[PDB]
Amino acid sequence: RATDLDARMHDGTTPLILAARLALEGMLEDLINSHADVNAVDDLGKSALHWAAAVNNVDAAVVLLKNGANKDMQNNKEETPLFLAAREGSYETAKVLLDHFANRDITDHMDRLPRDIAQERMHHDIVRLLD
């Protein structure tokens, strides 16, 4: 009952996501290598991969991908990991995402494309990357 460690925080955060979000080097493989639900989501509908994107933890984004992470996963706001990458400006990580064929055409709840949020949030290099 050690898989019961898909234990969450009050807000749905799990160990993997912490690891992603906090970019803690080993626990990602530990958690993934221990068969941690790689598509677990916090109350907001965010996966490790999202969270890794948001913070641009390329490494994490890398491995999570390498191990079955739903790359086109949408959160409550329908924002995929790629999307947040832009919005926040995870250049390196958006590369990673597209390099894996992430659908740059999926839009959030306001029909905004990952390009619209990079453009808007003036993350120019992501704008062109998306192009």
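For every residue, the number given is its place in the sequence shown, counted from 1.
**Q** Can you tell me whether 63-71 has a higher mean C-alpha B factor than 99-107 in this record, or the other way round?
**A** Taking the mean C-alpha B-factor of 63-71 and of 99-107, the larger value falls to 99-107.
**Q** Taking the mean of the C-alpha B-factors per stretch from the entry, tell me the winner out of 26-34 and 78-86.
**A** Here the higher of the two C-alpha B-factor means belongs to 26-34.
**Q** Residue 53's Cα B-factor: lowest, middle or highest third of the chain?
**A** Bottom third by C-alpha B-factor.
**Q** Rank-wise, by C-alpha B-factor, drop residue 10 into the lowest, middle or highest third of its chain.
**A** It falls in the top third of the chain.
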